[PDB]
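Undergrad: enclosed are the sequence and the experimentally obtained structure.
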Amino acid sequence: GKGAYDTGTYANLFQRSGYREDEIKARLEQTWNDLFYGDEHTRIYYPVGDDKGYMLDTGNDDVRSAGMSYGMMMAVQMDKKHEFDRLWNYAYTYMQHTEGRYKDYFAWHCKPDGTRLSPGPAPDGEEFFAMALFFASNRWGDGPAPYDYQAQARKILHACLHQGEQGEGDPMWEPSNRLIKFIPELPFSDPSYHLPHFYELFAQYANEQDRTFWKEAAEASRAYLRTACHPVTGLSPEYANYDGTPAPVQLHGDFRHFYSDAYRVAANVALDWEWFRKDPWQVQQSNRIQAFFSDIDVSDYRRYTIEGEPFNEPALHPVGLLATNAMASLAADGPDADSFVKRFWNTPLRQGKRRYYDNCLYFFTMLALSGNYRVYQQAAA
Ligand SMILES: OC[C@@H]1O[C@@H](O[C@@H]2[C@@H](O)[C@H](O[C@@H]3CO[C@@H](O[C@@H]4CO[C@@H](O)[C@H](O)[C@H]4O)[C@H](O)[C@H]3O)OC[C@H]2O[C@@H]2OC[C@@H](O)[C@H](O)[C@H]2O)[C@H](O)[C@H]1O
């Protein structure tokens, strides 16, 4: 078969699970309203002035590039221009470099007021910023700068591939292997950063010289994720070497294990399958990870070695983990797919100081499983 990119048909797995259409759309809208306009123990979005707003990492009391970029995608996928523009204005103003080795990249986290905490960037932010902006252009049309969406996107993806050619700086993609990097400087990666589905669409909307690269990178990332995921459990490390093996322990933590970052791999893999249907391995990977967690309660979620050895330590984001395991049902045809969809439906949004990452993964799963995580092309509106 052909994917949602070709057919324009999006699977409603909640409907397939037996839930009513009415119910599903109401549940999606409520999730938007709570995360963006809820109470002080739920909402993760905060509007600032008349033309700005941010997504708060409640857990770390800072504003991340990954989070702001997640927020923009959430906004454009839900047809929420006002909120989309507020977020982008915050990112463009406070976070985007206008000079230095990081010119056109984004400072990976800052304070709610906009004061930067580190200058270095996080590539998973950049790619999400780029994809979100192209969808904004395709859905709403380019506004006046800085709301010339497709132009802002192309400028970011130019930097991503070409940052070292203008004197000093490093590219976010390693030219030799066409793989996104953990950060510009270090020659290793993060499985969760690989969005081959997003790169297919960059191959359509990026600067003309780079379109070949993005198409090659789509297939490179699909290949990398086959080497990153354990062939039994379908678990993956947080940081990985280009060969897919867990990276050495870093100075800021041990990232060889299946923890917070790794959760998004199963969701990323599943969305690529839904959109493009290119890699039949993605179905098997969805079956494997679901089968590893088929027997495990959310309250019993741990840190695991990719081999499947549970640490005594609990998962920091078990609702997040359930959401991504549930999102895998987009691609899973196994006997656990139906189970995971119902399990997620009966799981509410997280509350308390650690809620941010859980609720971000929650909302993407709510979008995806309702059939509302869609490609916005140069169509006939
Ligand atoms: O913790 C001290 C910081 O470590 C150094 O590393 C930075 C990375 O952490 C960052 O990757 C970010 C981190 O946030 C990720 O999302 C997480 C998922 O886990 C949840 O619990 C959490 O709420 C959520 O935020 C997100 O996916 C990524 O975007 O990437 C940048 C990296 O930068 C650099 O560290 C390496 C160093 O060489 C550079 O100097 C620095 O810029 C930070 O230095 C330090 O502050």
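TA: Everything's here; your move. Residues are numbered from 1 along each chain as shown.
Undergrad: so which residues on the stretch 201-350 of the chain come close to the ligand?
TA: Proximity of the stretch 201-350 of the chain to the ligand is confined to 252, 260, 261, 316 under the rule CB under 6 Å from any ligand atom. (C-beta placed from N, C-alpha, C; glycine too.)
Undergrad: looking at those, which are in strands?
TA: Using DSSP state E, no member of these falls in strands.
Undergrad: check the residues you listed and tell me the two furthest apart.
TA: Maximum pairwise distance among these (CB to CB): 15.3 Å, between 252 and 316.
Undergrad: who has more neighbours, the two?
TA: Each of residue 252 and residue 316 has its neighbours counted (other CB atoms under 10 Å); residue 316 has more, 15 against 6.
Undergrad: nearest residue to that one other than its sequence neighbours?
TA: Residue nearest to residue 316 in three dimensions, not counting chain neighbours: residue 260, with 5.9 Å by CB to CB, 6 or more residues apart in numbering.
Undergrad: what is the neighbour count of the one you found?
TA: When counting by other CB under 10 Å, one arrives at 19 neighbours for residue 260.
Undergrad: for it, what are its contacts?
TA: Applying CB atoms under 8 Å, 6 or more residues apart in numbering, we find residue 260 in contact with 238, 315, 316, 317, 320, 357.
Undergrad: what's the separation between it and residue 135?
TA: Relative to residue 135, residue 260 is positioned 26 Å away (CB to CB, to the nearest Å).
Undergrad: out of the contacts of residue 260, which are buried?
TA: Burial by neighbour count, judged by 16 or more other CB atoms under 10 Å, picks out 238, 315, 317, 320, 357 from the contacts of residue 260.
Undergrad: quick check: phi and psi on residue 39?
TA: Dihedral angles phi and psi of residue 39 (degrees, to the nearest 10) take the values phi -80, psi -180.
Undergrad: burial of it, as a residue count?
TA: Neighbourhood size, residue 39 [other CB under 10 Å]: 8.
Undergrad: from residue 361, how far off is it?
TA: The spacing between residue 39 and residue 361, counted by CB to CB, is 20 Å.
Undergrad: ok, residue 227 next?
TA: Distance, residue 227 to residue 361, using CB to CB: 24 Å.
Undergrad: so for those two, which sits in the more crowded spot?
TA: With other CB under 10 Å as the criterion, residue 227 and residue 361 differ in neighbour count, and residue 361 comes out ahead with 25 against 15.
Undergrad: are we agreed that that one is in a helix?
TA: Yes. Read with DSSP: H, G, I helix; E, B strand; the rest coil, residue 361 is one of the residues of a helix.
Undergrad: what's near enough to touch it?
TA: With contacts defined as CB under 8 Å, 6+ apart, the neighbours of residue 361 are 263, 264, 267, 317, 319, 320, 321, 323, 324, 327.
Undergrad: can you list those residues in a markdown table and add distance to residue 223 and secondary structure?
TA: Rendered in a markdown table, the data for the contacts of residue 361 read as follows (distance: CB to CB, whole Å; DSSP: H, G, I helix; E, B strand; the rest coil):
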| residue | distance to residue 223 | secondary structure |
| --- | --- | --- |
| 263 | 21 | helix |
| 264 | 18 | helix |
| 267 | 19 | helix |
| 317 | 28 | coil |
| 319 | 31 | helix |
| 320 | 27 | helix |
| 321 | 25 | helix |
| 323 | 26 | helix |
| 324 | 21 | helix |
| 327 | 22 | helix |
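Undergrad: nearest to the ligand among those?
TA: residue 317 (6.1 Å; CB to the nearest ligand atom).
Undergrad: hmm, residue 203 and residue 215 touching each other?
TA: Yes. In terms of CB atoms under 8 Å, residue 215 counts as a neighbour of residue 203; the distance is 4.2 Å.
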